$ cat upload.pdb   # PDB, N, CA, C and O atoms
ATOM      1  N   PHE Q   1      82.663  10.185  75.368  1.00  0.00           N
ATOM      2  CA  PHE Q   1      81.495  11.083  75.145  1.00  0.00           C
ATOM      3  C   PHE Q   1      80.798  10.697  73.838  1.00  0.00           C
ATOM      4  O   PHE Q   1      80.567  11.527  72.981  1.00  0.00           O
ATOM      5  N   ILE Q   2      80.463   9.442  73.677  1.00  0.00           N
ATOM      6  CA  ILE Q   2      79.783   8.994  72.422  1.00  0.00           C
ATOM      7  C   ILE Q   2      78.268   8.937  72.652  1.00  0.00           C
ATOM      8  O   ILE Q   2      77.569   9.915  72.475  1.00  0.00           O
ATOM      9  N   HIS Q   3      77.750   7.793  73.025  1.00  0.00           N
ATOM     10  CA  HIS Q   3      76.278   7.677  73.240  1.00  0.00           C
ATOM     11  C   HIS Q   3      75.968   6.509  74.178  1.00  0.00           C
ATOM     12  O   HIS Q   3      74.872   6.388  74.686  1.00  0.00           O
ATOM     13  N   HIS Q   4      76.924   5.655  74.414  1.00  0.00           N
ATOM     14  CA  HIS Q   4      76.706   4.491  75.327  1.00  0.00           C
ATOM     15  C   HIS Q   4      77.410   4.781  76.646  1.00  0.00           C
ATOM     16  O   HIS Q   4      77.216   4.098  77.633  1.00  0.00           O
ATOM     17  N   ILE Q   5      78.212   5.810  76.676  1.00  0.00           N
ATOM     18  CA  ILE Q   5      78.916   6.176  77.931  1.00  0.00           C
ATOM     19  C   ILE Q   5      77.993   7.078  78.755  1.00  0.00           C
ATOM     20  O   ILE Q   5      78.318   7.486  79.852  1.00  0.00           O
ATOM     21  N   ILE Q   6      76.830   7.384  78.227  1.00  0.00           N
ATOM     22  CA  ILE Q   6      75.864   8.251  78.967  1.00  0.00           C
ATOM     23  C   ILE Q   6      74.962   7.361  79.829  1.00  0.00           C
ATOM     24  O   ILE Q   6      74.908   7.499  81.032  1.00  0.00           O
ATOM     25  N   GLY Q   7      74.270   6.434  79.234  1.00  0.00           N
ATOM     26  CA  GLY Q   7      73.394   5.533  80.034  1.00  0.00           C
ATOM     27  C   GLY Q   7      74.243   4.806  81.072  1.00  0.00           C
ATOM     28  O   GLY Q   7      73.755   4.020  81.858  1.00  0.00           O
ATOM     29  N   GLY Q   8      75.515   5.073  81.072  1.00  0.00           N
ATOM     30  CA  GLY Q   8      76.434   4.418  82.050  1.00  0.00           C
ATOM     31  C   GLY Q   8      76.567   5.306  83.287  1.00  0.00           C
ATOM     32  O   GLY Q   8      76.690   4.830  84.399  1.00  0.00           O
ATOM     33  N   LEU Q   9      76.535   6.600  83.094  1.00  0.00           N
ATOM     34  CA  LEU Q   9      76.648   7.559  84.238  1.00  0.00           C
ATOM     35  C   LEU Q   9      75.503   8.561  84.138  1.00  0.00           C
ATOM     36  O   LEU Q   9      74.951   8.998  85.128  1.00  0.00           O
ATOM     37  N   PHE Q  10      75.137   8.916  82.938  1.00  0.00           N
ATOM     38  CA  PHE Q  10      74.023   9.871  82.733  1.00  0.00           C
ATOM     39  C   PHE Q  10      72.845   9.494  83.636  1.00  0.00           C
ATOM     40  O   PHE Q  10      72.072  10.334  84.049  1.00  0.00           O
ATOM     41  N   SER Q  11      72.705   8.233  83.946  1.00  0.00           N
ATOM     42  CA  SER Q  11      71.579   7.802  84.823  1.00  0.00           C
ATOM     43  C   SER Q  11      71.699   8.497  86.177  1.00  0.00           C
ATOM     44  O   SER Q  11      70.751   9.071  86.676  1.00  0.00           O
ATOM     45  N   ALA Q  12      72.862   8.468  86.772  1.00  0.00           N
ATOM     46  CA  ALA Q  12      73.042   9.147  88.086  1.00  0.00           C
ATOM     47  C   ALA Q  12      73.344  10.611  87.825  1.00  0.00           C
ATOM     48  O   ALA Q  12      72.987  11.477  88.595  1.00  0.00           O
ATOM     49  N   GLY Q  13      73.985  10.900  86.727  1.00  0.00           N
ATOM     50  CA  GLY Q  13      74.285  12.319  86.409  1.00  0.00           C
ATOM     51  C   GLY Q  13      72.989  13.110  86.537  1.00  0.00           C
ATOM     52  O   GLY Q  13      72.952  14.175  87.114  1.00  0.00           O
ATOM     53  N   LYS Q  14      71.917  12.565  86.027  1.00  0.00           N
ATOM     54  CA  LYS Q  14      70.598  13.258  86.131  1.00  0.00           C
ATOM     55  C   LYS Q  14      70.295  13.509  87.608  1.00  0.00           C
ATOM     56  O   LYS Q  14      69.930  14.594  88.009  1.00  0.00           O
ATOM     57  N   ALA Q  15      70.460  12.500  88.418  1.00  0.00           N
ATOM     58  CA  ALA Q  15      70.203  12.646  89.879  1.00  0.00           C
ATOM     59  C   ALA Q  15      71.102  13.731  90.444  1.00  0.00           C
ATOM     60  O   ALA Q  15      70.699  14.508  91.290  1.00  0.00           O
ATOM     61  N   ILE Q  16      72.319  13.800  89.991  1.00  0.00           N
ATOM     62  CA  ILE Q  16      73.218  14.851  90.526  1.00  0.00           C
ATOM     63  C   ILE Q  16      72.805  16.159  89.866  1.00  0.00           C
ATOM     64  O   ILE Q  16      72.918  17.230  90.435  1.00  0.00           O
ATOM     65  N   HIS Q  17      72.288  16.070  88.676  1.00  0.00           N
ATOM     66  CA  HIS Q  17      71.827  17.301  87.989  1.00  0.00           C
ATOM     67  C   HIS Q  17      70.562  17.783  88.707  1.00  0.00           C
ATOM     68  O   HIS Q  17      70.077  18.871  88.474  1.00  0.00           O
ATOM     69  N   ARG Q  18      70.036  16.979  89.587  1.00  0.00           N
ATOM     70  CA  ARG Q  18      68.819  17.386  90.343  1.00  0.00           C
ATOM     71  C   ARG Q  18      69.268  17.999  91.658  1.00  0.00           C
ATOM     72  O   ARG Q  18      68.613  18.855  92.217  1.00  0.00           O
ATOM     73  N   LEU Q  19      70.404  17.590  92.140  1.00  0.00           N
ATOM     74  CA  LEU Q  19      70.923  18.174  93.398  1.00  0.00           C
ATOM     75  C   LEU Q  19      71.156  19.666  93.139  1.00  0.00           C
ATOM     76  O   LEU Q  19      70.882  20.509  93.970  1.00  0.00           O
ATOM     77  N   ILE Q  20      71.649  19.992  91.978  1.00  0.00           N
ATOM     78  CA  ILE Q  20      71.895  21.433  91.646  1.00  0.00           C
ATOM     79  C   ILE Q  20      70.537  22.130  91.530  1.00  0.00           C
ATOM     80  O   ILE Q  20      70.307  23.169  92.115  1.00  0.00           O
ATOM     81  N   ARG Q  21      69.643  21.563  90.774  1.00  0.00           N
ATOM     82  CA  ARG Q  21      68.310  22.193  90.618  1.00  0.00           C
ATOM     83  C   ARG Q  21      67.711  22.400  91.998  1.00  0.00           C
ATOM     84  O   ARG Q  21      67.141  23.431  92.298  1.00  0.00           O
ATOM     85  N   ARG Q  22      67.864  21.434  92.853  1.00  0.00           N
ATOM     86  CA  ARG Q  22      67.332  21.584  94.230  1.00  0.00           C
ATOM     87  C   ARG Q  22      68.157  22.664  94.925  1.00  0.00           C
ATOM     88  O   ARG Q  22      67.764  23.217  95.932  1.00  0.00           O
ATOM     89  N   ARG Q  23      69.305  22.970  94.371  1.00  0.00           N
ATOM     90  CA  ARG Q  23      70.184  24.019  94.966  1.00  0.00           C
ATOM     91  C   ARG Q  23      69.980  25.339  94.218  1.00  0.00           C
ATOM     92  O   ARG Q  23      70.890  26.131  94.091  1.00  0.00           O
ATOM     93  N   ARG Q  24      68.798  25.583  93.718  1.00  0.00           N
ATOM     94  CA  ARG Q  24      68.552  26.856  92.985  1.00  0.00           C
ATOM     95  C   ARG Q  24      68.860  28.029  93.917  1.00  0.00           C
ATOM     96  O   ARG Q  24      67.977  28.609  94.520  1.00  0.00           O
ATOM     97  N   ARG Q  25      70.112  28.375  94.049  1.00  0.00           N
ATOM     98  CA  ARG Q  25      70.491  29.497  94.951  1.00  0.00           C
ATOM     99  C   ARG Q  25      69.800  30.783  94.491  1.00  0.00           C
ATOM    100  O   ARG Q  25      70.041  31.191  93.367  1.00  0.00           O
TER     101      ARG Q  25
END

$ encode --input "upload.pdb" --output "structure tokens"
Amino acid sequence: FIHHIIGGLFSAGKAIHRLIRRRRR
């Protein structure tokens, strides 16, 4: 959890963070 381990998954994490937003129950 430093700063280079984000652009490694954070890229798709955002996409998955959009699946939830699209899931605004």

$ atom_distance --input "upload.pdb" --atom1 "CA of residue 1 (chain Q)" --atom2 "atom N of residue 19 (chain Q)"
21.3 Å

$ atom_distance --input "upload.pdb" --atom1 "atom N of residue 9 (chain Q)" --atom2 "atom C of residue 25 (chain Q)"
27.6 Å

$ axis_aligned_box --input "upload.pdb" --around "region 10-20 of chain Q" --padding-each-side "3 Å" --output "JSON"
{"center_x": 71.9, "center_y": 15.5, "center_z": 88.4, "size_x": 12.5, "size_y": 21.4, "size_z": 17.2}

$ atom_distance --input "upload.pdb" --atom1 "CA of residue 7 (chain Q)" --atom2 "CA of residue 23 (chain Q)"
24.0 Å

$ select_by_dssp --input "upload.pdb" --residues "chain Q" --states "alpha helix (DSSP H)" --output "PyMOL selection string"
chain Q and resi 10-22
